[PDB]
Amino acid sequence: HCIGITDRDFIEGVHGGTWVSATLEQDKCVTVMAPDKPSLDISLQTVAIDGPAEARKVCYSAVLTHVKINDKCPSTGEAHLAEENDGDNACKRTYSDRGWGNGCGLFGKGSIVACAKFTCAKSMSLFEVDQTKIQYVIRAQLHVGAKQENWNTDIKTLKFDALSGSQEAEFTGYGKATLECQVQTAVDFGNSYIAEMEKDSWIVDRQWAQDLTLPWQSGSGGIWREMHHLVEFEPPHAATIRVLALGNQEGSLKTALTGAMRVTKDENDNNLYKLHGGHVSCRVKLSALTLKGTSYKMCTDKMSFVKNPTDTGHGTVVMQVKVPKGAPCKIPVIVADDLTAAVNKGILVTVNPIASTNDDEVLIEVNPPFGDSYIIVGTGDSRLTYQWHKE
């Protein structure tokens, strides 16, 4: 259900308009109330990155073909292959022990060169996020109830990005509406890439990807650089060199990628990346009219963890608590050192954890201190308590 605006959330002017200020989270709904008017439901539908530019490809599976060698006796000059001039080739120049036993008129170091065609079988793609183009869609519609004549209850879909924070819609009764909003992301994209590997995509640290000891290719394509990571030239004997491709490094990457958060790619667009977290702070501008705020009692009755506190990946902890008998009420949440004094020392990420009706399951996100702490939901004897260690 949607959660009703409190009195302080909106402000009505003597002249001009009325302004609502709200923080929109995903999978949650905020409603604006007005006397003898259908309630106005506003919700954050999605936050997305649309077609991020490719910054780098990192090869973890390489295959060698067309291996060619050339050799020269000592003091006859430098040995060369035409393939030395081709970027798709991995080459090495060295010298082997030559003499009478292998077709040379004098003992010594003979020039030997070896090239092989480098094709990357499997690579990880790294995408750069343009933070000024992170998109978000806000859905707004009058609360569907019994049919009222001349009331428009059409859904209004408002498309934003970081640059275009001001969009417009219109409702009956409420009139014209100007929404001025901003995105706050849950992870720092300035320090991050979106990494695509086969079916899957994660959000990874940039420096981690840069420090990978693997061949890479620039965003503007071209040749594969530092091929030597996956190409081995064994020491030469006579007039040959063994040229081997190293093994697939898929396991290393996948192992390292466990300690990294995933990102969902869209189902029917299949080019979008939709983020799970984030806040969207909005000022909604309406023409002057009366709104009805709702007061909220604090949850007193016994609650329960529908889902126990668990790590989210990006430093925060998510829980889901059920409110069986408390009615509509705000869930008191703190994070303390002990159960006695209970002085809050954590950061409540969730904006107003409120259960609309009884038997309703509510998400609560919290940022606990480093070390040992107690996540405390509710107050009094039936309060929920969950120990936690962060590092």
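Note that residue numbering begins at 1 and tracks the sequence as displayed.
If you average the C-alpha B-factors over 320 to 328 and over 23 to 31, the higher value belongs to 320 to 328. Per-stretch averaging of Cα B factors for 153 to 161 and 113 to 121 places 153 to 161 on top. Across the residues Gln131, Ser281, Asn270, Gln167, the deposited record lists the maximum Cα B factor for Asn270. Listed residues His229, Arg206, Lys307, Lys72 were ranked by CA B-factor as deposited; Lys307 comes out on top. For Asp36, the recorded CA temperature factor ranks within the highest third of the chain's modelled residues.
Remark: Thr379 belongs to the highest third of its chain, ranked by C-alpha B-factor as recorded. Per the deposited record, the Cα B-factor of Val263 falls in the middle third when ranked against the other modelled residues of its chain.
In this PDB entry, the Cα temperature factor of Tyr296 sits in the middle third of its chain's modelled residues. For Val366, the recorded CA temperature factor ranks within the middle third of the chain's modelled residues.
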